[PDB]
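# Structure assessment
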Amino acid sequence: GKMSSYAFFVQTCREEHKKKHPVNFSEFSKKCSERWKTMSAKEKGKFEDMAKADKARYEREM
Amino acid sequence: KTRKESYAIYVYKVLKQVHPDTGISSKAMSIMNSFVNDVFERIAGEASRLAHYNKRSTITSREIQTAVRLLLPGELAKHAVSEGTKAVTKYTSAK
Amino acid sequence: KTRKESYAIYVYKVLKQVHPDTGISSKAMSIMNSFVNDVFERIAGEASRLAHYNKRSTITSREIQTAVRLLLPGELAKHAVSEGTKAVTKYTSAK
Amino acid sequence: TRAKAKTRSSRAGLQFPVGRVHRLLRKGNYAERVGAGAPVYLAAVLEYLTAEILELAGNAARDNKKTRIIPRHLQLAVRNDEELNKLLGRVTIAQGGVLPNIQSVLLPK
Amino acid sequence: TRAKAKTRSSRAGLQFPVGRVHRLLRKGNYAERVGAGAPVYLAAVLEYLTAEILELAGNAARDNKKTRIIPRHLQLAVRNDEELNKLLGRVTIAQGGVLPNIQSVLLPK
Amino acid sequence: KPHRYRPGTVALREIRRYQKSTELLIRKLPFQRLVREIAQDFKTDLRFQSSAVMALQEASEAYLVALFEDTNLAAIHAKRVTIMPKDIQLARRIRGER
Amino acid sequence: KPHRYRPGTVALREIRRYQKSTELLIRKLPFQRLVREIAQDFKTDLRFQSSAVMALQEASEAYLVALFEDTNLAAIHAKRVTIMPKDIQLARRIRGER
Amino acid sequence: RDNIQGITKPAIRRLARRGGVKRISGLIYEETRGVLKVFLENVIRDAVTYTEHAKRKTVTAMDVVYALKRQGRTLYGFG
Amino acid sequence: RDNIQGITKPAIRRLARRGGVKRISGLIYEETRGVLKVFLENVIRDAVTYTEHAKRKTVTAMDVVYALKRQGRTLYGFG
DNA sequence: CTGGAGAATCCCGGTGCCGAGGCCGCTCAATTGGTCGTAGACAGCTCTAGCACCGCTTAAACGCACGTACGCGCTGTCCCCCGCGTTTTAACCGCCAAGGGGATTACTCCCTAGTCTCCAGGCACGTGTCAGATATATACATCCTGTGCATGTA
DNA sequence: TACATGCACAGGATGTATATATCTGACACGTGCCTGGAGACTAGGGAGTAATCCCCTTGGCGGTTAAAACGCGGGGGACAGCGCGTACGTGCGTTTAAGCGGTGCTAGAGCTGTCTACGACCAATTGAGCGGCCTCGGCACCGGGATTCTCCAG
């Protein structure tokens, strides 16, 4: 299928805490979603382009 | 004294289709008349509850069909639904 | 969004007469609401059959009183009939 | 003039009384209104269920070497059929008696 | 309405709603017509049986060192009283649990 | 010496005669007096239609006969063939009457 | 030697805990998949409300727990403390559920 | 006087034989009589309740079948 | 990994412990899974029958409590 | 019968939270006060069927004598199931997105109820008769101890 | 060494089943009629529909930890023989009361005709009860201690 703009934000937010500056969903979803609650429209446009590449993939993958 | 209705003549008409040679005692007839009235009140009572649960106010062949699928055991239900569907389909051609 | 009715405020008003210092949780309240709905249907459904057997078209206090005597165990039936008789007597004389 | 009447059961092809069943649905207080397809479906189901129990009771009458059905034959018909014994699973038939059965460990061997 | 209104429950001396009980008796198809004494009798019975189960549940709550009734206390109330257990003999209460009970022949001596 | 059937031989012969017949097994007048005596506690000077005491007898015999089948199963589940008061008390507790 | 509780000591301790407390005892996802699998035979692509599977679990655990009490009585009647399949089969037949 | 004794030992044995019972302990007769008396009390109380509601002085066979149906023991053959 | 095997041996032991059972034979587990599957089939069939009658594609908690109430096992707590 | 160590269950102080319950605004269902049509209370009649009492005949109940068949205690011997270390695996804790589908709303028309008339289907009743219920004899099928064949020691 | 005793009949005795000659009351049918259903009509509103709305069910992210699964010893309960006393099945005199068939009676079911108290239904008009909303307090995990049941070598 396809993946959301939030899914690519969660993936990039997770890599930041995981190996960019050193996973389980349980406690991380607070920090991740409260960051999404104030995420900037220019970052949202980048994650929307990622969601567009995922949707272009989904049109082939079904 | 005054007239009391019962299913007895219709039970006897059906009996003479299924076993033309047999008869039925009056004690067996009052059991059959009890059975017809019991199954009537069970089906109609569940059709009433189905109509009320769905906020409708008309009892219709859908209500009777679903009441027959809940009340009857597995093989009797498929046969009873088939006889009812046949009868309404025939009736609709001449009503 | 659209209004859904329940007995919950009356259950709470009765609780605050018998144990004024206690309260009731939302899961206990939906059990109490279910109990009141079930006992209402059990009394009214027998009152409906009592009226029909006697060819009457009206449910009255006699039909409700008899349905209570049929449905309730012996010690509850004496009290429930006494509370019902007191309520009809107060209502009729205060009207 | 007015066309010669014919009973609603005849239009349906039934022998059970569609007009009575309609009056019983109306006068029984089951709902505010009764659709014309409901009495036909219900009359057909009462006639079907009647045909099933009478067939098995007429077989029981022939097996008991008698020409007329009696309460015994209705009890034997119902309790041998594995679905009529569910439909009538908490009904007692007056003068029906009991279906012959003995527990195997009671036998004299 | 020229005079001032007073709820039928207030004339009857009840907490339960006489008017609602009358609308439910009318719209439930229980009979063709409903007499004015039937709702006040039925509302008084529902209020009484509600007071019984809540009284015993508030005792069970206090004895369990709590101030809020929860499903457990309704089960403990219903299963200890001889008549309420008979009235509710084929009803289950979600989150109620079981009444503590061990057969004496299982005990360790 | 005279003939003897062996103990339990006539018991099986009786089971077979009473499962063959439909007749009522309680004596009618004794049962009718029991029905009137029980009803006397609920209303005084009460009359009974003759059809009503027959309906109560048909119901009562059908109830007891079915309880004896359940009692027989409760006895036969233990390694026994004699029914005992414990078997009635089990049957009526599993059947939800007590 | 290390400490041991005797056989059946911890069984009575378990009986007490599970009668003291109101929790559901079947694991939720495992039960929810069984409900969906059984439903698939009656209609395909059927959805469930999150409270509908809870109502099915509450009713199911209340049924099996009430069956085990009658099963336990059928074992005590036969002079045994161990429950066995013949006890479930008796308990069902005496309540008319088989 | 006592009327439950009219449910004789031979009568209870015939009911037990129709139920398929081979051997009967001597304590069954009093246990049965108690169980029958409790059954009749439960049916005849409801039947008298229908009779009083009808404002009648005779019990009628319909009151018995209504009392039996109301307890989940439906009796066919008496209308 | 049949989905009925998700009713684990530990879970059946907990249900039997709430039922007051001290000792359990190893054949109880398959007998109890057979009984549970029969119970669920009878309730779910009727709940789907109410669902089809409503022309809906989801089962709702009301369909379950109506199915249980029709089978004489009234559940309180879900309205 | 028990002193003393082990391990589980408990009683209490501290700690955080999210659900009970109290408040406010607004639509909708319960009052109030008409008119009017009829369901049922009531009184009086008819006559069914329930109650009471008796005599006679006869099956069924009962009370006892008799003696195995069954229930129950006790012993002994396994074979399971329980308690618990050790390893393995999948349930469940949060957050959200996508969209499938219950919920609501405005339109509108076909179907059910009311309301006539006016016969023919279904009841109460009367009436012969034949299948079920008796009868007396006869016919297999089942039950329950001694009787010899054919087993085996002496 | 002088008869043991299984055991498959042989059969005497006892019941259940079948063929059958007559009798009778309950059945299947015939009929007069009368009332409940059908034929033909109109009106309004429930139900089916198409169009948004928005909401909640379905799917998805891993880690870790808690629940399930596994392996094992050994104990204590399931279960099969055995001995033995008594309780309950069988069968006979004897007795008692149920079932029958008359008689006679009247309470009370079941009904019709009437008069009115009572409930339906409509048009106003409020105030009770619901949804949305906030907030702070009862309950639910913690963390020690500690205590209280458990098992076994004394």
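These lines cover the structure that appears in this document, whether it is placed above or below. (Residues numbered from 1 in each chain as written, not as in the entry; some residues may be left out. Chains lettered and ligands numbered in written order. Heavy atoms only, no water. Residues with missing side-chain atoms left out of burial classes, pairs and counts.)

### As for the overall build of chain H
Helix and strand counts for chain H come out as three helices and three strands. Across chain H, helices and strands are ordered from the amino to the carboxyl terminus as α-β-α-β-α-β. Against the globule reference of 12 Å for 79 residues, chain H gives a C-alpha radius of gyration of 16 Å, more extended than a compact globule. Dimensions along the principal axes, computed over C-alpha positions, put chain H at roughly 45 × 30 × 15 Å. Burial statistics for chain H: of 79 residues in total, 61% are counted as buried. Contacts spanning at least 24 positions in sequence make up 36% of the contacts within chain H whose residues lie at least 6 apart. Just so you have it, chain H exposes about 3,200 Å², and 49% of that area is on carbon and sulfur atoms. Across chain H, 17 positive and 7 negative side-chain charges occur, with their mean positions spaced 9 Å apart. (Helix = DSSP H or I, 4+ residues; strand = E, 2+ residues; numbered from the N terminus. Rg over C-alpha atoms; globule rule 2.2 N^0.38 Å. Buried < 20%, exposed > 50% of the residue type's maximum accessible area, 1.4 Å probe, protein only. Contact = heavy atoms within 4.5 Å. Areas by Shrake-Rupley, 256 points an atom, 1.4 Å probe, with all protein chains shown as cover. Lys, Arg positive; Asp, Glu negative; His and termini not counted. Charge placed at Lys NZ, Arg CZ, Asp CG, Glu CD.)

### Thoughts on the protein's contact with DNA strand J
Close contacts around DNA strand J come from 93 residues, with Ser-26 of chain A, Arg-23 of chain E, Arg-36 and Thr-82 of chain F together with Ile-24 of chain I the closest. Protein-proximal atoms of DNA strand J, defined as those within 4 Å of the protein, fall in sugar or phosphate at a share of 97%. Within the side chain of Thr-2 of chain C, an N or O atom sits 3.1 Å from a phosphate oxygen of DNA strand J. Separating a phosphate oxygen of DNA strand J from a backbone N or O atom of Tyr-5 of chain G is a distance of 3.1 Å. Among the residues forming the surface near DNA strand J, the class breakdown is 22 nonpolar, 29 polar and 42 charged. (Near = heavy atom within 4 Å. Polar contact = N/O pair within 3.5 Å; in protein donor to acceptor, adjacent residues only side chain to side chain. Nonpolar A, V, L, I, M, F, W, Y, C, P; charged D, E, K, R; others polar.)

### What about the interface of chain F and chain D?
Listed per partner, the contact involves 15 residues of chain F and 15 residues of chain D. Here chain F meets chain D over a buried area of about 1,300 Å², counting both sides, of which 61% is carbon and sulfur. Across the contact surface, chain F and chain D share zero salt bridges. The interface formed by chain F and chain D contains four residue pairs in polar contact. Among the secondary structure elements, those contributing two or more residues to the side of chain F that touches chain D are α1 (9-20) and α3 (50-77) of chain F. For the side of chain F that touches chain D, the leading source of residues is α3 of chain F, giving six residues. (Buried area = accessible area lost by both parts, 1.4 Å probe. Salt bridge = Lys/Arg side-chain N within 4 Å of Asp/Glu carboxyl O.)

### Observations concerning the protein's contact with DNA strand K
Surveying the vicinity of DNA strand K reveals 89 residues, the closest of which are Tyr-12 of chain B, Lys-4 of chain C, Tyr-5 of chain F, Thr-9 of chain G together with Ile-24 of chain H. In the interface set of DNA strand K, defined as its atoms within 4 Å of the protein, sugar plus phosphate atoms amount to 94%. At 3.2 Å, a backbone N or O of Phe-48 of chain G approaches a phosphate oxygen of DNA strand K. Interatomic distance of 3.1 Å between a side-chain N/O atom of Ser-50 of chain G and a phosphate oxygen of DNA strand K.

### As for the packing of aromatic side chains
In total, this model carries 21 aromatic pairs over all chains according to the counting rule given. Residues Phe-9 of chain A and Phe-47 of chain A carry aromatic rings whose centres are separated by 5.8 Å and whose planes lie at 85° to one another, so their mutual orientation is edge-to-face. You'll find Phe-9 of chain A and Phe-47 of chain A in the same group, each marked buried. Between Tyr-63 of chain F and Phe-39 of chain H the ring centres are 4.3 Å apart and the planes differ by 15°, which places this aromatic pair in the stacked class. Residue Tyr-63 of chain F is found in helix α3, and its partner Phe-39 of chain H is found in helix α2 (residues 28-53); the two belong to separate chains. In this pair, the class of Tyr-63 of chain F matches that of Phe-39 of chain H, namely buried. Pairwise contacts between aromatic rings join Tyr-6, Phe-9, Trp-36 and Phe-47 of chain A into one cluster. (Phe/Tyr/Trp six-rings, centres within 6.5 Å; stacked < 30°, edge-to-face > 60°.)

### Some points on the interface of chain D and chain B
Across the boundary between the two partners, chain D contributes 54 residues, which contact 55 residues of chain B. When contributions to the side of chain D that touches chain B are tallied by element, the ones reaching two or more residues are α1 (8-12), α2 (18-27), β1 (33-34), α3 (37-63), β2 (68-69), α4 (71-80) and α5 (84-87) of chain D. Of the residues forming the side of chain D that touches chain B, the biggest block, 20 residues, is contributed by α3 of chain D. Classifying every residue of the side of chain D that touches chain B by side-chain character gives 32 nonpolar, nine polar and 13 charged. Relative to β2 of chain D, strand β1 (residues 23-24) of chain B runs parallel, the two being bridged by two bridges. If you follow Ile-24 of chain B over to β2 of chain D, its bridge partner there is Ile-69 of chain D. (Pairing = 2+ DSSP bridges.)

### Focus: the packing of helix α2 (residues 26-53) of chain C against helix α3 (residues 61-71) of chain C
Residues and elements named next belong to chain C. Running from N to C, α2 and α3 cross one another at 120°; their axes reach a closest spacing of 8 Å. Note that α2 runs across α3; the crossing there is right-handed. Contact residues: α2 offers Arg-42, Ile-43, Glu-46, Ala-47, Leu-50 and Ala-51, while α3 offers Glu-63, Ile-64, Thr-66, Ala-67, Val-68, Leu-70 and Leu-71. For the contact of α2 with α3, the per-class residue count stands at nine nonpolar, one polar and three charged. (Axes fitted to C-alpha atoms, helices over the stretch in contact; angles between N-to-C directions. Left-handed = near helix turned anticlockwise from the far one by under 90°.)

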